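Below is one structure, written out as structure tokens; comments come after it.
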2 protein chains.
Amino acid sequence: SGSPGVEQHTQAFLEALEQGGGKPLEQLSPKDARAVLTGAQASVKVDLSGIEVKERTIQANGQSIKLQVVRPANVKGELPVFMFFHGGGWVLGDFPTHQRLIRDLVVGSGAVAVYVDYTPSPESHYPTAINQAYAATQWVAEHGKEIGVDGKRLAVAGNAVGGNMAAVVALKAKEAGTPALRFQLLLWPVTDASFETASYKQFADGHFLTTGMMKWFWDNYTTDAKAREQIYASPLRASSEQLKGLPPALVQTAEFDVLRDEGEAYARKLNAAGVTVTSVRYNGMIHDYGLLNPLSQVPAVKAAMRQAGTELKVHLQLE
Amino acid sequence: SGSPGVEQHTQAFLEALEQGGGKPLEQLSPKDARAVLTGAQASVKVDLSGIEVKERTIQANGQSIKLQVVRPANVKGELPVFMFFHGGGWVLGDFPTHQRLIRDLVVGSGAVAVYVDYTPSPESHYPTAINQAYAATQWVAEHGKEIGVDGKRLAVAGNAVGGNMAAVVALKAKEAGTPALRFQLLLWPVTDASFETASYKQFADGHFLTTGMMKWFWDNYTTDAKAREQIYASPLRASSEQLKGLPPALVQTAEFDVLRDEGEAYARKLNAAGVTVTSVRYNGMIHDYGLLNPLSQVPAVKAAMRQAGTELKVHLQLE
Ligand SMILES: CC(=O)O[C@H](C(=O)O)c1ccccc1Cl
Ligand SMILES: CC(=O)O[C@H](C(=O)O)c1ccccc1Cl
């Protein structure tokens, strides 16, 4: 349960987890694992005011894809938009678990969020989810008026594997020459299918997200080692040339996160490629500080969320 | 803005509405009218904790029908269930606007809610919505295991026209001989397409729900006068014999509601037919006190909601 330097409320949260333990998450069935995140997010009162949510199914990727469009309440007009990709190791997560996080970004930015309901793992494996995610991003750019947004002012955002997804959709958009993205918001992202960074070693345990979880997560995503080496799986492996021309990025990392180092390394690589990057480490924080509803009123977390919303606003303004 | 006897917070709410007025709701387009309720429900922080929500589409009424299944968080097993039908004059309403109300009943009862996404008016007219509502009720009884409920322990619930819907689904279930319903929860229900009760005269104006709204609501539902005279439209017109054998009812009405009298009259008719009825008038309250999120922390409203949840629990227990 925690290290020295962990923010006090976070550290109380970690101690409570260890008290009355439970099996490691990765010993559970996907169904049961999913129930854990659902339960935890439901366990606490949180503010969801100021938004309006409507479902929309689209036809893209030769497929039906469900969207949750989340819009600032009582605002008329074609608003700018950001795609939102949820985290959860590809096994876990959905819209309701992530709804508070999304609410915060939407109300903070004044922009519309389009949550993409991508297929989980291991129901599907790489690269189904990211193809869905890219397809939906293309759809919003081209048909955004159908959901009251300006598809020409378009960002991608997400936490954890969702941050992986956002980084990869921006790579697929570069690669494909479309659509134009204003911004990429990478919240404590997964960027590499390797497990040997200093932060992976330091925080393997006792900080909610564990090394054991991460490896189980990737295994459910794909066991194909050649898949894992592709930049659309591990974007940290991309070269300068491949990174060149990517949209401006805000990268937030957590001090006590196994993903910390690979997140800050990717920010470094983007920078070396001439991409505009702001890389900020939130000290005292664990993985998913901005996601976990019990931590949603922690002052540091509120400050991170005000930043993430503001920086979205900044990049989504009229030309 | 209000009468003497209106509860203080409610009366403050009414004064704020009149200040910086706006057109009557019934001068708006359905789309715009819908936006008003959506905006108002989003305008305030409310507690949505303790539930888990999942969407499920079914095939019934020769149709695809969307359900939102709302379940007490972290409870394993086949739970009892109540259908939930939202209000909004058939023109307005949906799941998110009603989600807090539903959350309260779910967490209070320990039972699962099945919200039925029936087709609005005037997109559709009577009796499309109630046929959907009945169909979905039959579906849950027969296939409830598919969504983790015991369909044999099944109630209907709703507010306003949703209360109309619940009363009518119980009549359609009687009529059809199926399914078995444990209970009917009628929250300030619409029961008659007439507009001459004392409460309609007394509170025509200045208490949020107006006579002008109610008549516009019914017109959008159906202008067919012979439809309006059917017991599946105006269940107050039903006879003792038709009412005989209906499930136990809790009816809550609001003192300052145009629907008050027809709601308490229907309770009376049920009683005269030998049906078990509890009829309770919440004094100081306007129409939809239990729905409107700005009123959700008013002590009287909390007491009404604790009652509605408890009485659901009472009727949904194992034999
Ligand atoms: C043009 C705008 O997007 O404003 C941003 C900002 O103010 O940080 C920005 C983004 C990329 C490069 C420079 C700057 Cl200044
Ligand atoms: C059997 C049960 O549903 O308990 C109810 C209650 O306690 O009010 C009830 C319902 C109908 C008739 C009598 C009673 Cl007692």
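Residues are referred to by chain and number: the chain letter is A, B, ... according to the order shown in the structure tokens, the number counts from 1 in that chain, and ligands are numbered separately from 1 in the order shown.
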Name the residues, by chain letter and number, that sit within 8 Å of ligand 1 using only C-alpha atoms and all ligand atoms, and give them as a PDB file with N, CA, C and O atoms, in the first residue's frame.
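Listing of out.pdb after writing:
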```
ATOM      1  N   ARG A 182      -6.596  18.412 -34.584  1.00  0.00           N
ATOM      2  CA  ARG A 182      -6.061  19.614 -33.950  1.00  0.00           C
ATOM      3  C   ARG A 182      -5.096  19.319 -32.801  1.00  0.00           C
ATOM      4  O   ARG A 182      -4.233  20.136 -32.476  1.00  0.00           O
ATOM      5  N   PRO A 248      -0.280  18.478 -32.091  1.00  0.00           N
ATOM      6  CA  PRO A 248       0.149  18.893 -30.753  1.00  0.00           C
ATOM      7  C   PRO A 248      -0.410  17.993 -29.655  1.00  0.00           C
ATOM      8  O   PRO A 248      -1.583  17.609 -29.695  1.00  0.00           O
ATOM      9  N   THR A 276       4.826  19.435 -31.453  1.00  0.00           N
ATOM     10  CA  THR A 276       4.585  20.243 -30.264  1.00  0.00           C
ATOM     11  C   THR A 276       4.084  19.390 -29.100  1.00  0.00           C
ATOM     12  O   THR A 276       3.030  18.770 -29.197  1.00  0.00           O
ATOM     13  N   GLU A 311      -6.702  22.746 -22.060  1.00  0.00           N
ATOM     14  CA  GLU A 311      -5.795  22.557 -23.180  1.00  0.00           C
ATOM     15  C   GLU A 311      -6.563  22.027 -24.387  1.00  0.00           C
ATOM     16  O   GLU A 311      -6.164  22.273 -25.529  1.00  0.00           O
ATOM     17  N   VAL A 314      -8.160  25.300 -25.828  1.00  0.00           N
ATOM     18  CA  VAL A 314      -7.123  26.050 -26.519  1.00  0.00           C
ATOM     19  C   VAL A 314      -6.908  25.598 -27.970  1.00  0.00           C
ATOM     20  O   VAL A 314      -6.699  26.419 -28.862  1.00  0.00           O
ATOM     21  N   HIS A 315      -6.988  24.297 -28.206  1.00  0.00           N
ATOM     22  CA  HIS A 315      -6.677  23.739 -29.521  1.00  0.00           C
ATOM     23  C   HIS A 315      -7.902  23.514 -30.390  1.00  0.00           C
ATOM     24  O   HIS A 315      -7.777  23.042 -31.513  1.00  0.00           O
ATOM     25  N   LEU A 316      -9.080  23.858 -29.880  1.00  0.00           N
ATOM     26  CA  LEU A 316     -10.307  23.555 -30.600  1.00  0.00           C
ATOM     27  C   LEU A 316     -11.052  24.823 -31.020  1.00  0.00           C
ATOM     28  O   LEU A 316     -12.231  24.781 -31.397  1.00  0.00           O
TER      29      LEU A 316
END
```
**Study point:** chain A contacts to chain B at 8 Å (only C-alpha atoms) as a PyMOL selection string
**Key:** chain A and resi 35+38-39+42-53+73-74+96
Just the selected residues (N, CA, C and O atoms), exported as a short mmCIF file (atom, residue, chain, number, x, y, z; two decimals), in the first residue's frame, please.
```
data_model
loop_
_atom_site.label_atom_id
_atom_site.label_comp_id
_atom_site.auth_asym_id
_atom_site.auth_seq_id
_atom_site.Cartn_x
_atom_site.Cartn_y
_atom_site.Cartn_z
N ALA A 35 -16.69 -6.28 -13.62
CA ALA A 35 -17.58 -5.97 -12.50
C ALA A 35 -16.87 -5.19 -11.38
O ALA A 35 -17.49 -4.40 -10.66
N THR A 38 -16.63 -1.55 -12.45
CA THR A 38 -18.00 -1.03 -12.42
C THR A 38 -18.45 -0.75 -10.98
O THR A 38 -19.00 0.32 -10.68
N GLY A 39 -18.17 -1.69 -10.09
CA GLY A 39 -18.52 -1.53 -8.70
C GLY A 39 -17.83 -0.34 -8.07
O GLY A 39 -18.45 0.47 -7.40
N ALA A 42 -19.14 3.05 -9.07
CA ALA A 42 -20.48 3.27 -8.55
C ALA A 42 -20.50 3.56 -7.06
O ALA A 42 -21.53 3.95 -6.51
N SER A 43 -19.36 3.36 -6.41
CA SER A 43 -19.33 3.34 -4.95
C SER A 43 -19.32 4.73 -4.33
O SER A 43 -19.32 4.86 -3.12
N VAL A 44 -19.31 5.76 -5.16
CA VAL A 44 -19.18 7.11 -4.65
C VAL A 44 -19.95 8.14 -5.48
O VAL A 44 -19.97 8.09 -6.71
N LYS A 45 -20.59 9.05 -4.77
CA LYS A 45 -21.25 10.22 -5.33
C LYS A 45 -20.28 11.13 -6.11
O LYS A 45 -19.24 11.52 -5.61
N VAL A 46 -20.63 11.46 -7.35
CA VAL A 46 -19.80 12.33 -8.17
C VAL A 46 -20.67 13.23 -9.02
O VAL A 46 -21.80 12.88 -9.35
N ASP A 47 -20.11 14.38 -9.42
CA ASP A 47 -20.84 15.41 -10.14
C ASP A 47 -20.83 15.14 -11.65
O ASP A 47 -19.77 15.12 -12.28
N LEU A 48 -22.02 14.95 -12.22
CA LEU A 48 -22.16 14.62 -13.64
C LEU A 48 -22.98 15.68 -14.33
O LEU A 48 -23.45 15.46 -15.45
N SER A 49 -23.15 16.81 -13.66
CA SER A 49 -24.00 17.89 -14.16
C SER A 49 -23.41 18.53 -15.41
O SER A 49 -22.26 18.26 -15.74
N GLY A 50 -24.18 19.36 -16.11
CA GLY A 50 -23.65 20.21 -17.18
C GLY A 50 -23.46 19.57 -18.55
O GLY A 50 -22.97 20.21 -19.48
N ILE A 51 -23.84 18.30 -18.70
CA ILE A 51 -23.68 17.61 -19.98
C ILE A 51 -24.98 17.04 -20.45
O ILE A 51 -25.88 16.80 -19.66
N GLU A 52 -25.08 16.81 -21.76
CA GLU A 52 -26.16 16.00 -22.27
C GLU A 52 -25.58 14.92 -23.15
O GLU A 52 -24.65 15.16 -23.93
N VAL A 53 -26.10 13.71 -22.99
CA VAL A 53 -25.57 12.51 -23.62
C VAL A 53 -26.60 11.88 -24.55
O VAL A 53 -27.75 11.69 -24.15
N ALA A 73 -24.28 21.13 -21.78
CA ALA A 73 -25.73 21.36 -21.71
C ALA A 73 -26.14 22.76 -22.21
O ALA A 73 -25.49 23.75 -21.90
N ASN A 74 -27.22 22.81 -22.97
CA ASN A 74 -27.81 24.08 -23.42
C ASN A 74 -26.84 24.98 -24.17
O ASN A 74 -26.64 26.14 -23.79
N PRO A 96 -20.15 4.13 -18.93
CA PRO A 96 -20.50 4.56 -17.57
C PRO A 96 -19.33 4.64 -16.61
O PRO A 96 -19.27 5.60 -15.83
#
```
Practice item. For residue 64 in chain A, list every protein, DNA or RNA residue within 12 Å, evaluated using only C-alpha atoms, and leave out those in the same chain fewer than 2 positions away; present the list as a PyMOL selection string. Key: chain A and resi 56-62+66-67+116-119+132+135-136+139
Suppose we keep C-alpha atoms; can you now write the selection as a PDB file, in the first residue's frame?
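Generated file (result.pdb):
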```pdb
ATOM      1  CA  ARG A  56     -25.575   7.192 -32.072  1.00  0.00           C
ATOM      2  CA  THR A  57     -24.768   4.090 -34.089  1.00  0.00           C
ATOM      3  CA  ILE A  58     -22.701   4.470 -37.175  1.00  0.00           C
ATOM      4  CA  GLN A  59     -21.653   2.407 -40.200  1.00  0.00           C
ATOM      5  CA  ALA A  60     -17.887   2.455 -40.650  1.00  0.00           C
ATOM      6  CA  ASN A  61     -15.118  -0.185 -40.667  1.00  0.00           C
ATOM      7  CA  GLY A  62     -17.666  -2.315 -42.540  1.00  0.00           C
ATOM      8  CA  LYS A  66     -21.907   2.588 -31.062  1.00  0.00           C
ATOM      9  CA  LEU A  67     -21.090   6.184 -30.047  1.00  0.00           C
ATOM     10  CA  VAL A 116     -16.349   5.155 -29.108  1.00  0.00           C
ATOM     11  CA  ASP A 117     -17.692   1.818 -27.879  1.00  0.00           C
ATOM     12  CA  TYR A 118     -14.903  -0.344 -29.265  1.00  0.00           C
ATOM     13  CA  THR A 119     -14.962  -4.164 -28.946  1.00  0.00           C
ATOM     14  CA  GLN A 132     -12.947   0.859 -35.016  1.00  0.00           C
ATOM     15  CA  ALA A 135     -13.054   4.543 -38.430  1.00  0.00           C
ATOM     16  CA  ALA A 136     -15.230   6.467 -35.941  1.00  0.00           C
ATOM     17  CA  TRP A 139     -16.770   9.335 -39.547  1.00  0.00           C
TER      18      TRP A 139
END
```
Review point. So which residues of range 58-261 of chain B fall under strand (DSSP E or B) by DSSP, listed as a PyMOL selection string?
Key: chain B and resi 58-60+63-72+79-85+112-116+149-159+183-187+249-256
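The nearest approach to ligand 2 among the residues B:195, B:183, B:85, B:188, with only C-alpha atoms and all ligand atoms taken into account, belongs to B:183.
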Point to revise | Surrounding residues of residue 170 in chain B excluding itself and chain neighbours under 4 positions, 8 Å, only C-alpha atoms, as a VMD selection string | key: chain B and resid 156 166 174 181 184 246 to 247
Once you have the residues from the selection above, write them out as a CSV table (one decimal), in the first residue's frame, restricted to C-alpha atoms.
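What ended up in result.csv:
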```csv
chain,number,residue,atom,x,y,z
B,156,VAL,CA,-44.4,-1.6,-13.2
B,166,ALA,CA,-47.7,1.8,-15.9
B,174,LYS,CA,-54.9,-8.2,-16.8
B,181,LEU,CA,-47.3,-8.3,-11.9
B,184,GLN,CA,-47.8,-0.9,-9.7
B,246,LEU,CA,-55.3,-5.4,-10.7
B,247,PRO,CA,-52.0,-5.6,-8.8
```
Exercise for review: Determine, counting only C-alpha atoms, which protein, DNA and RNA residues have an atom within 10 Å of an atom of residue 121 in chain A; residues of the same chain fewer than 5 positions away are not included. Present the result as a ChimeraX atom specification.
Suggested key: /A:30,89-92,126,128-129,217-222
Could you write those residues out with N, CA, C and O atoms, as a compact mmCIF listing (two decimals), in the first residue's frame?
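result.txt was written with the following content:
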```txt
# COMPACT_ATOMS: atom_id res chain seq x y z
N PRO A 30 -12.76 -12.21 -17.37
CA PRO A 30 -13.04 -10.87 -17.90
C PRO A 30 -14.35 -10.29 -17.36
O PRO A 30 -14.36 -9.13 -16.93
N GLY A 89 -7.23 -1.66 -19.92
CA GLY A 89 -6.40 -2.76 -20.36
C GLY A 89 -6.98 -3.54 -21.53
O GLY A 89 -6.60 -4.69 -21.73
N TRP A 90 -7.88 -2.90 -22.27
CA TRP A 90 -8.64 -3.49 -23.38
C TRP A 90 -9.68 -4.52 -22.93
O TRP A 90 -10.59 -4.86 -23.68
N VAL A 91 -9.53 -5.02 -21.71
CA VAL A 91 -10.48 -5.99 -21.15
C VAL A 91 -11.62 -5.26 -20.48
O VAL A 91 -12.77 -5.65 -20.59
N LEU A 92 -11.28 -4.18 -19.78
CA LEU A 92 -12.20 -3.49 -18.90
C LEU A 92 -12.64 -2.16 -19.47
O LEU A 92 -12.06 -1.66 -20.44
N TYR A 126 -6.19 -7.31 -31.13
CA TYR A 126 -5.53 -6.35 -32.00
C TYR A 126 -5.61 -6.83 -33.44
O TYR A 126 -5.36 -8.01 -33.70
N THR A 128 -8.52 -4.92 -34.04
CA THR A 128 -9.94 -4.60 -34.21
C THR A 128 -10.31 -3.26 -33.55
O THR A 128 -10.91 -2.39 -34.18
N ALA A 129 -9.95 -3.09 -32.28
CA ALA A 129 -10.40 -1.91 -31.54
C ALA A 129 -9.86 -0.63 -32.18
O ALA A 129 -10.62 0.31 -32.41
N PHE A 217 -3.31 -7.76 -19.36
CA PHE A 217 -3.97 -6.85 -20.30
C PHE A 217 -3.45 -7.04 -21.73
O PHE A 217 -4.23 -7.27 -22.66
N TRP A 218 -2.14 -6.95 -21.91
CA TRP A 218 -1.55 -7.13 -23.23
C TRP A 218 -1.81 -8.51 -23.81
O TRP A 218 -2.06 -8.65 -25.01
N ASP A 219 -1.75 -9.55 -22.96
CA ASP A 219 -2.00 -10.92 -23.41
C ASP A 219 -3.41 -11.05 -23.97
O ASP A 219 -3.62 -11.66 -25.01
N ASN A 220 -4.39 -10.47 -23.28
CA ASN A 220 -5.75 -10.48 -23.79
C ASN A 220 -5.88 -9.70 -25.10
O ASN A 220 -6.68 -10.06 -25.96
N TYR A 221 -5.08 -8.65 -25.25
CA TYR A 221 -5.08 -7.83 -26.46
C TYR A 221 -4.48 -8.60 -27.64
O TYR A 221 -5.09 -8.67 -28.72
N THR A 222 -3.29 -9.15 -27.44
CA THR A 222 -2.65 -10.00 -28.44
C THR A 222 -1.40 -10.67 -27.87
O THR A 222 -0.63 -10.06 -27.11
```
Check your understanding: Looking only at the backbone, which of the residues in range 108-302 of chain B does DSSP tag as alpha helix (DSSP H), as number ranges by chain?
Key -> B: 108-109, 128-143, 161-176, 198-202, 211-221, 225-228, 240-243, 260-272, 299-302
Review point. Quick one: of B:271, B:211, B:159, B:223, who's nearest to residue 105 in chain B, counting only C-alpha atoms?
Key: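 The answer is B:159, which sits nearest to residue 105 in chain B.
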Need to verify the contact set: residue 266 in chain A, 8 Å, only C-alpha atoms, exclusion of same-chain residues closer than 2 positions in sequence. Can you return it as a short mmCIF file (atom, residue, chain, number, x, y, z; two decimals) with N, CA and C atoms, in the first residue's frame?
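Below you can see part25.cif, which holds the result:
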```cif
data_model
loop_
_atom_site.label_atom_id
_atom_site.label_comp_id
_atom_site.auth_asym_id
_atom_site.auth_seq_id
_atom_site.Cartn_x
_atom_site.Cartn_y
_atom_site.Cartn_z
N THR A 191 2.26 3.04 -23.94
CA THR A 191 2.93 3.28 -25.23
C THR A 191 3.87 2.16 -25.73
N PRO A 235 3.49 2.39 -29.86
CA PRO A 235 3.92 3.56 -30.64
C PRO A 235 5.26 4.15 -30.18
N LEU A 236 5.78 3.69 -29.05
CA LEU A 236 7.10 4.12 -28.59
C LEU A 236 8.20 3.64 -29.54
N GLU A 262 7.37 5.10 -19.92
CA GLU A 262 7.10 4.93 -21.35
C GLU A 262 6.21 6.07 -21.87
N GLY A 263 5.49 6.73 -20.96
CA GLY A 263 4.63 7.84 -21.33
C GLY A 263 5.46 9.08 -21.57
N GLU A 264 6.44 9.28 -20.71
CA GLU A 264 7.32 10.45 -20.82
C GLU A 264 8.35 10.23 -21.92
N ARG A 268 9.02 12.52 -25.25
CA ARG A 268 10.36 12.85 -25.71
C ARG A 268 10.55 12.55 -27.20
N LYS A 269 10.15 11.35 -27.62
CA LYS A 269 10.25 11.00 -29.04
C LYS A 269 9.47 11.97 -29.94
N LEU A 270 8.24 12.31 -29.54
CA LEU A 270 7.45 13.28 -30.29
C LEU A 270 8.18 14.61 -30.43
#
```
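With distances restricted to only C-alpha atoms and all ligand atoms, B:250 is the closest residue to ligand 2 from B:305, B:113, B:282, B:250.
With distances restricted to only C-alpha atoms, B:102 is the closest residue to residue 290 in chain B from B:147, B:157, B:102, B:140.
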Exercise for review: Provide the CA of residue 162 in chain A to CA of residue 306 in chain A distance in Å, to one decimal place.
Suggested key: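 About the pair CA of residue 162 in chain A and CA of residue 306 in chain A: they are 19.2 Å apart.
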Check your understanding: Do you know which residues are at most 9 Å from residue 292 in chain A counting only C-alpha atoms, after dropping those on the same chain fewer than 3 positions away, and could you put them as a list in words?
Key ->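 Result of the neighbour search: residues 37, 40, 41, 97, 98, 100, 101, 288, 289, 295 and 296 of chain A.
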Selection above as a file: N, CA, C and O atoms, as a short mmCIF file (atom, residue, chain, number, x, y, z; two decimals), in the first residue's frame:
```cif
data_model
loop_
_atom_site.label_atom_id
_atom_site.label_comp_id
_atom_site.auth_asym_id
_atom_site.auth_seq_id
_atom_site.Cartn_x
_atom_site.Cartn_y
_atom_site.Cartn_z
N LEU A 37 -14.31 -2.89 -11.71
CA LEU A 37 -14.22 -1.49 -12.08
C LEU A 37 -15.61 -0.84 -12.00
O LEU A 37 -15.75 0.28 -11.53
N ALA A 40 -16.53 -0.25 -8.30
CA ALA A 40 -15.74 0.80 -7.68
C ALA A 40 -16.19 2.19 -8.13
O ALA A 40 -16.24 3.13 -7.33
N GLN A 41 -16.53 2.34 -9.41
CA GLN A 41 -16.95 3.64 -9.93
C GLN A 41 -18.32 4.04 -9.40
O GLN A 41 -18.63 5.22 -9.28
N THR A 97 -18.41 3.67 -16.64
CA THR A 97 -17.24 3.74 -15.78
C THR A 97 -16.40 5.01 -16.04
O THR A 97 -15.79 5.56 -15.13
N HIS A 98 -16.40 5.48 -17.28
CA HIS A 98 -15.54 6.59 -17.68
C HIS A 98 -16.30 7.90 -17.77
O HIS A 98 -15.71 8.93 -18.08
N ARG A 100 -17.62 10.07 -15.69
CA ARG A 100 -17.26 11.24 -14.89
C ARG A 100 -16.04 11.95 -15.50
O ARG A 100 -16.05 13.17 -15.68
N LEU A 101 -15.01 11.17 -15.79
CA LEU A 101 -13.82 11.66 -16.48
C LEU A 101 -14.18 12.44 -17.73
O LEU A 101 -13.67 13.54 -17.95
N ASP A 288 -4.44 6.33 -13.39
CA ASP A 288 -5.89 6.61 -13.45
C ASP A 288 -6.42 7.51 -12.35
O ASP A 288 -7.59 7.40 -11.97
N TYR A 289 -5.59 8.41 -11.82
CA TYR A 289 -6.06 9.38 -10.84
C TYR A 289 -7.26 10.17 -11.37
O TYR A 289 -8.19 10.48 -10.62
N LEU A 295 -11.26 9.17 -6.22
CA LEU A 295 -10.19 10.16 -6.19
C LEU A 295 -10.59 11.45 -6.90
O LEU A 295 -9.77 12.34 -7.08
N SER A 296 -11.86 11.55 -7.28
CA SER A 296 -12.29 12.61 -8.19
C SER A 296 -12.35 14.00 -7.55
O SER A 296 -12.41 15.00 -8.25
#
```
Check your understanding: Of the candidates B:293, B:278, B:210, B:252, which shows the shortest atom-to-atom distance to ligand 2, using only C-alpha atoms and all ligand atoms?
Key ->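 Going through B:293, B:278, B:210, B:252 one by one, the smallest distance to ligand 2 is for B:278.
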Review point. CA of residue 163 in chain B to CA of residue 249 in chain B: how many Å, to one decimal?
Key: 11.1 Å
Practice item. Between CA of residue 265 in chain B and CA of residue 160 in chain B, measure the distance and give it in Å to one decimal. Key: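 That distance, rounded to one decimal, is 14.9 Å.
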